[PDB]
file structure29.txt (compact mmCIF, C-alpha atoms and all ligand atoms)
# COMPACT_ATOMS: atom_id res chain seq x y z
CA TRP A 112 0.00 0.00 0.00
CA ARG A 113 2.88 2.38 0.81
CA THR A 114 4.19 2.30 -2.78
CA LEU A 115 1.14 4.24 -4.07
CA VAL A 116 1.94 7.36 -2.00
CA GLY A 117 3.50 10.10 -4.12
CA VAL A 118 2.84 8.23 -7.38
CA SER A 119 -0.95 8.20 -7.75
CA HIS A 120 -2.53 9.14 -4.39
CA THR A 121 -1.82 11.29 -1.34
CA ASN A 122 -0.89 9.87 2.07
CA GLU A 123 -4.32 10.14 3.69
CA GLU A 124 -6.04 8.77 0.58
CA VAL A 125 -4.13 5.48 0.83
CA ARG A 126 -4.78 5.23 4.59
CA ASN A 127 -8.53 5.30 3.94
CA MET A 128 -8.24 2.71 1.15
CA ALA A 129 -6.33 0.20 3.28
CA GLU A 130 -8.71 0.62 6.23
CA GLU A 131 -11.59 -1.04 4.33
CA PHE A 132 -9.98 -4.49 4.58
CA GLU A 133 -9.26 -6.61 7.65
CA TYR A 134 -6.10 -8.63 8.31
CA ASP A 135 -4.91 -11.27 10.75
CA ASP A 136 -3.64 -10.11 14.14
CA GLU A 137 -1.62 -11.68 16.93
CA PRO A 138 -3.72 -13.76 19.35
CA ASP A 139 -4.94 -12.40 22.67
CA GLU A 140 -3.88 -13.39 26.20
CA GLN A 141 -5.97 -16.58 26.06
CA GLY A 142 -4.65 -17.54 22.61
CA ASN A 143 -7.71 -16.89 20.39
CA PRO A 144 -7.20 -15.18 17.01
CA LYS A 145 -8.17 -11.58 16.26
CA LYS A 146 -8.61 -9.23 13.31
CA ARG A 147 -7.51 -5.64 12.64
CA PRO A 148 -7.94 -3.05 9.87
CA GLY A 149 -5.19 -2.52 7.35
CA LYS A 150 -2.22 -0.16 7.34
CA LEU A 151 0.41 1.05 4.88
CA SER A 152 2.77 -1.86 5.63
CA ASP A 153 0.24 -4.42 4.36
CA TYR A 154 -0.03 -5.80 0.84
CA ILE A 155 -3.13 -5.43 -1.34
CA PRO A 156 -5.43 -8.44 -0.71
CA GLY A 157 -6.90 -10.82 -3.25
CA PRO A 158 -10.44 -12.10 -3.74
CA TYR A 159 -9.91 -15.82 -3.00
CA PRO A 160 -8.57 -17.73 0.03
CA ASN A 161 -6.83 -20.49 -1.97
CA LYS B 31 73.62 6.98 -47.84
CA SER B 32 75.17 8.74 -44.85
CA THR B 33 73.68 8.03 -41.42
CA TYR B 34 74.16 11.71 -40.48
CA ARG B 35 71.37 12.60 -42.95
CA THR B 36 68.01 12.55 -41.16
CA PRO B 37 64.96 11.54 -43.27
CA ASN B 38 62.06 13.86 -44.04
CA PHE B 39 59.74 14.49 -41.07
CA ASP B 40 58.08 17.64 -42.39
CA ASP B 41 54.49 16.42 -42.90
CA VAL B 42 54.04 15.85 -39.14
CA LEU B 43 56.10 18.68 -37.60
CA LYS B 44 54.47 21.80 -36.20
CA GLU B 45 55.19 25.14 -37.86
CA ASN B 46 56.18 26.57 -34.47
CA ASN B 47 57.23 24.17 -31.72
CA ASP B 48 56.65 26.47 -28.69
CA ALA B 49 57.18 23.97 -25.86
CA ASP B 50 54.85 25.76 -23.38
CA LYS B 51 51.79 25.24 -25.60
CA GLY B 52 52.29 21.62 -26.66
CA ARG B 53 52.88 20.34 -22.98
CA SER B 54 49.79 22.52 -21.85
CA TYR B 55 47.18 20.97 -24.13
CA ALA B 56 48.30 17.37 -23.56
CA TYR B 57 48.14 17.80 -19.78
CA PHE B 58 44.66 19.31 -20.03
CA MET B 59 43.28 16.12 -21.60
CA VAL B 60 45.06 13.77 -19.20
CA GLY B 61 43.90 15.90 -16.27
CA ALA B 62 40.29 15.92 -17.46
CA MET B 63 40.37 12.11 -17.69
CA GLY B 64 41.60 11.68 -14.11
CA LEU B 65 38.95 14.16 -12.97
CA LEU B 66 36.04 12.21 -14.50
CA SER B 67 37.43 8.78 -13.58
CA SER B 68 37.65 9.72 -9.89
CA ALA B 69 34.09 11.06 -9.80
CA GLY B 70 32.86 7.94 -11.60
CA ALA B 71 34.64 5.50 -9.30
CA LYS B 72 33.34 7.31 -6.22
CA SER B 73 29.66 7.04 -7.14
CA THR B 74 30.18 3.38 -8.11
CA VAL B 75 31.38 2.40 -4.62
CA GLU B 76 28.57 4.39 -2.97
CA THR B 77 25.98 2.54 -5.07
CA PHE B 78 27.23 -0.84 -3.81
CA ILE B 79 27.69 0.29 -0.20
CA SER B 80 24.23 1.87 0.15
CA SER B 81 22.58 -1.41 -0.92
CA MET B 82 23.46 -2.75 2.56
CA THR B 83 21.37 -0.13 4.37
CA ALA B 84 17.88 -0.98 5.62
CA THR B 85 15.35 -1.96 2.95
CA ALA B 86 12.01 -0.28 2.29
CA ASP B 87 9.98 -2.94 4.12
CA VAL B 88 12.22 -2.70 7.20
CA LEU B 89 11.85 1.10 7.36
CA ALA B 90 8.04 0.79 7.18
CA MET B 91 7.99 -0.97 10.58
CA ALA B 92 10.07 1.73 12.28
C1 LIG A 201 45.37 -5.13 -16.60
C2 LIG A 201 45.43 -4.53 -18.00
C3 LIG A 201 45.27 -3.01 -17.92
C4 LIG A 201 43.79 -2.64 -18.01
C5 LIG A 201 43.64 -1.14 -17.84
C6 LIG A 201 43.48 -0.81 -16.36
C7 LIG A 201 43.49 0.71 -16.18
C8 LIG A 201 43.85 1.06 -14.74
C9 LIG A 201 45.27 1.60 -14.73
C10 LIG A 201 45.25 3.13 -14.78
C11 LIG A 201 45.94 3.57 -16.06
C12 LIG A 201 46.65 4.90 -15.84
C13 LIG A 201 47.77 4.72 -14.82
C14 LIG A 201 48.08 6.08 -14.20
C15 LIG A 201 49.58 6.20 -13.95
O1 LIG A 201 50.07 5.68 -13.00
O2 LIG A 201 50.37 6.94 -14.84
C16 LIG A 201 51.29 7.79 -14.22
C17 LIG A 201 51.13 9.20 -14.78
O3 LIG A 201 50.03 9.81 -14.18
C18 LIG A 201 49.87 11.16 -14.53
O4 LIG A 201 50.82 11.84 -14.73
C19 LIG A 201 48.47 11.75 -14.66
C20 LIG A 201 47.45 10.72 -14.18
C21 LIG A 201 46.91 9.93 -15.38
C22 LIG A 201 45.39 9.85 -15.29
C23 LIG A 201 44.91 8.68 -16.14
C24 LIG A 201 43.43 8.44 -15.85
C25 LIG A 201 43.13 6.95 -15.99
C26 LIG A 201 42.20 6.54 -14.85
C27 LIG A 201 41.86 5.06 -14.97
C28 LIG A 201 40.44 4.94 -15.52
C29 LIG A 201 39.66 3.89 -14.72
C30 LIG A 201 40.29 2.52 -14.91
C31 LIG A 201 52.70 7.30 -14.52
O5 LIG A 201 52.80 7.11 -15.90
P1 LIG A 201 54.04 7.82 -16.71
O6 LIG A 201 55.33 7.11 -16.39
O7 LIG A 201 53.77 7.74 -18.20
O8 LIG A 201 54.15 9.27 -16.30
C1 LIG A 202 32.37 -2.86 -10.74
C2 LIG A 202 31.25 -2.15 -11.50
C3 LIG A 202 31.77 -1.64 -12.84
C4 LIG A 202 30.59 -1.19 -13.69
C5 LIG A 202 31.00 -1.15 -15.17
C6 LIG A 202 30.27 0.00 -15.86
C7 LIG A 202 28.86 -0.44 -16.28
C8 LIG A 202 27.93 0.75 -16.05
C9 LIG A 202 27.06 0.46 -14.82
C10 LIG A 202 27.47 1.37 -13.67
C11 LIG A 202 26.55 1.09 -12.48
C12 LIG A 202 27.09 1.71 -11.20
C13 LIG A 202 27.00 3.23 -11.28
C14 LIG A 202 25.54 3.65 -11.38
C15 LIG A 202 25.41 5.14 -11.13
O1 LIG A 202 24.41 5.59 -10.69
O2 LIG A 202 26.49 5.99 -11.45
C16 LIG A 202 26.15 7.22 -12.02
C17 LIG A 202 27.07 7.53 -13.20
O3 LIG A 202 28.42 7.56 -12.83
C18 LIG A 202 29.12 6.38 -13.11
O4 LIG A 202 29.24 5.55 -12.28
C19 LIG A 202 29.73 6.14 -14.49
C20 LIG A 202 31.21 5.81 -14.30
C21 LIG A 202 31.44 4.31 -14.46
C22 LIG A 202 32.82 3.95 -13.90
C23 LIG A 202 33.90 4.74 -14.63
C24 LIG A 202 35.27 4.15 -14.30
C25 LIG A 202 35.54 4.34 -12.81
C26 LIG A 202 36.77 3.52 -12.42
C27 LIG A 202 36.36 2.08 -12.10
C28 LIG A 202 35.40 2.05 -10.92
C29 LIG A 202 35.73 0.86 -10.02
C30 LIG A 202 36.22 1.36 -8.66
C31 LIG A 202 26.27 8.33 -10.98
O5 LIG A 202 24.99 8.68 -10.54
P1 LIG A 202 24.72 8.78 -8.91
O6 LIG A 202 25.91 9.41 -8.24
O7 LIG A 202 23.50 9.63 -8.66
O8 LIG A 202 24.49 7.40 -8.35
call {"tool": "encode", "arguments": {"input": "structure29.txt", "output": "structure tokens"}}
result
Amino acid sequence: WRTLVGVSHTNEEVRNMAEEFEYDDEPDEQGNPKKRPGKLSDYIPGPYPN
Amino acid sequence: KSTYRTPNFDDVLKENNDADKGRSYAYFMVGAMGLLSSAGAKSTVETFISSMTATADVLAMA
């Protein structure tokens, strides 16, 4: 996501685009998995799981 | 014929020798080559050395 900044979109435009997808997070203190919205370090996600 | 007779060198000799002008133009071209070769070798080493600094994905987690 970070590679689009300064090429086609501004910095706050890409932050809003990546925040419409959810990614895997580290598990909580009991060990159950969580989710989180996206950030500029993430890669653009695809439509299929496998 | 006699070895004291020097053969004809006139189609390559300058009309005025003028030793201060012939040494000055040859040392301008050799000096310009060492100037550009040193600036070229310096940027070459800095291209290879800077490839060992932190990559773009490492800096994004700073
Ligand atoms: C292994 C086969 C040879 C491949 C060629 C490798 C070239 C690297 C050797 C450098 C050649 C010049 C030697 C300089 C020298 O000691 O002459 C010095 C003279 O140096 C000077 O007076 C001015 C410096 C010359 C600048 C030449 C720029 C060339 C920069 C190299 C370009 C990148 C490779 C002694 O030579 P002389 O006895 O004729 O005076
Ligand atoms: C060992 C590598 C030798 C490369 C052979 C030349 C092939 C051309 C590719 C050059 C890629 C690296 C430079 C890229 C670059 O951005 O540089 C450019 C252009 O400058 C040059 O490097 C051209 C000179 C090439 C060397 C001339 C002889 C120097 C003596 C030998 C050097 C060994 C110590 C500088 O731009 P920059 O400073 O913004 O990075």
call {"tool": "axis_aligned_box", "arguments": {"input": "structure29.txt", "around": "range 141-160 of chain A", "padding_each_side": "4 Å", "output": "JSON"}}
result
{"center_x": -3.8, "center_y": -8.3, "center_z": 11.2, "size_x": 21.2, "size_y": 26.8, "size_z": 37.8}
call {"tool": "interface_residues", "arguments": {"input": "structure29.txt", "of": "chain B", "to": "chain A", "cutoff": "8 Å", "atoms": "only C-alpha atoms", "output": "PyMOL selection string"}}
result
chain B and resi 87+90-91
call {"tool": "write_last_selection", "arguments": {"input": "structure29.txt", "atoms": "C-alpha atoms", "output": "JSON list (two decimals), keeping the file's coordinate frame"}}
result
[["chain", "number", "residue", "atom", "x", "y", "z"],
["B", 87, "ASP", "CA", 9.98, -2.94, 4.12],
["B", 90, "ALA", "CA", 8.04, 0.79, 7.18],
["B", 91, "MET", "CA", 7.99, -0.97, 10.58]]
call {"tool": "residues_near_ligand", "arguments": {"input": "structure29.txt", "ligand": "ligand LIG 202 (chain A)", "cutoff": "10 Å", "atoms": "all atoms listed in the file", "output": "number ranges by chain"}}
result
B: 64, 66-78
call {"tool": "residues_around", "arguments": {"input": "structure29.txt", "residues": "residue 137 in chain A", "least_positions_apart": "4", "cutoff": "10 Å", "atoms": "only C-alpha atoms", "output": "ChimeraX atom specification"}}
result
/A:142-147
call {"tool": "residues_near_point", "arguments": {"input": "structure29.txt", "point": "(-9.5, -3.9, 8.7)", "cutoff": "7 Å", "atoms": "only C-alpha atoms", "output": "VMD selection string"}}
result
chain A and resid 130 to 134 147 to 149
call {"tool": "closest_residue", "arguments": {"input": "structure29.txt", "among": "B:63, B:86, B:34, B:48", "to": "ligand LIG 201 (chain A)", "atoms": "only C-alpha atoms and all ligand atoms"}}
result
B:63
call {"tool": "atom_distance", "arguments": {"input": "structure29.txt", "atom1": "atom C11 of ligand LIG 201 (chain A)", "atom2": "CA of residue 47 in chain B"}}
result
28.2 Å
call {"tool": "closest_residue", "arguments": {"input": "structure29.txt", "among": "B:42, B:32, B:65, B:50", "to": "ligand LIG 201 (chain A)", "atoms": "only C-alpha atoms and all ligand atoms"}}
result
B:65
call {"tool": "atom_distance", "arguments": {"input": "structure29.txt", "atom1": "CA of residue 44 in chain B", "atom2": "atom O2 of ligand LIG 201 (chain A)"}}
result
26.3 Å
call {"tool": "atom_distance", "arguments": {"input": "structure29.txt", "atom1": "CA of residue 54 in chain B", "atom2": "atom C9 of ligand LIG 201 (chain A)"}}
result
22.6 Å
call {"tool": "decode", "arguments": {"input": "structure29.txt", "residues": "chain B", "atoms": "C-alpha atoms", "output": "short mmCIF file (atom, residue, chain, number, x, y, z; two decimals), in the first residue's frame"}}
result
data_model
loop_
_atom_site.label_atom_id
_atom_site.label_comp_id
_atom_site.auth_asym_id
_atom_site.auth_seq_id
_atom_site.Cartn_x
_atom_site.Cartn_y
_atom_site.Cartn_z
CA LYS B 31 73.62 6.98 -47.84
CA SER B 32 75.17 8.74 -44.85
CA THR B 33 73.68 8.03 -41.42
CA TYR B 34 74.16 11.71 -40.48
CA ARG B 35 71.37 12.60 -42.95
CA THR B 36 68.01 12.55 -41.16
CA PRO B 37 64.96 11.54 -43.27
CA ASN B 38 62.06 13.86 -44.04
CA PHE B 39 59.74 14.49 -41.07
CA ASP B 40 58.08 17.64 -42.39
CA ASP B 41 54.49 16.42 -42.90
CA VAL B 42 54.04 15.85 -39.14
CA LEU B 43 56.10 18.68 -37.60
CA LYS B 44 54.47 21.80 -36.20
CA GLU B 45 55.19 25.14 -37.86
CA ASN B 46 56.18 26.57 -34.47
CA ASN B 47 57.23 24.17 -31.72
CA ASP B 48 56.65 26.47 -28.69
CA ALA B 49 57.18 23.97 -25.86
CA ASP B 50 54.85 25.76 -23.38
CA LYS B 51 51.79 25.24 -25.60
CA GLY B 52 52.29 21.62 -26.66
CA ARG B 53 52.88 20.34 -22.98
CA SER B 54 49.79 22.52 -21.85
CA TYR B 55 47.18 20.97 -24.13
CA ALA B 56 48.30 17.37 -23.56
CA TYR B 57 48.14 17.80 -19.78
CA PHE B 58 44.66 19.31 -20.03
CA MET B 59 43.28 16.12 -21.60
CA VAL B 60 45.06 13.77 -19.20
CA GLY B 61 43.90 15.90 -16.27
CA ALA B 62 40.29 15.92 -17.46
CA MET B 63 40.37 12.11 -17.69
CA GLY B 64 41.60 11.68 -14.11
CA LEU B 65 38.95 14.16 -12.97
CA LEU B 66 36.04 12.21 -14.50
CA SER B 67 37.43 8.78 -13.58
CA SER B 68 37.65 9.72 -9.89
CA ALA B 69 34.09 11.06 -9.80
CA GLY B 70 32.86 7.94 -11.60
CA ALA B 71 34.64 5.50 -9.30
CA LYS B 72 33.34 7.31 -6.22
CA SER B 73 29.66 7.04 -7.14
CA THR B 74 30.18 3.38 -8.11
CA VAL B 75 31.38 2.40 -4.62
CA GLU B 76 28.57 4.39 -2.97
CA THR B 77 25.98 2.54 -5.07
CA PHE B 78 27.23 -0.84 -3.81
CA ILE B 79 27.69 0.29 -0.20
CA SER B 80 24.23 1.87 0.15
CA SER B 81 22.58 -1.41 -0.92
CA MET B 82 23.46 -2.75 2.56
CA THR B 83 21.37 -0.13 4.37
CA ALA B 84 17.88 -0.98 5.62
CA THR B 85 15.35 -1.96 2.95
CA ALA B 86 12.01 -0.28 2.29
CA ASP B 87 9.98 -2.94 4.12
CA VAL B 88 12.22 -2.70 7.20
CA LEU B 89 11.85 1.10 7.36
CA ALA B 90 8.04 0.79 7.18
CA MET B 91 7.99 -0.97 10.58
CA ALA B 92 10.07 1.73 12.28
#
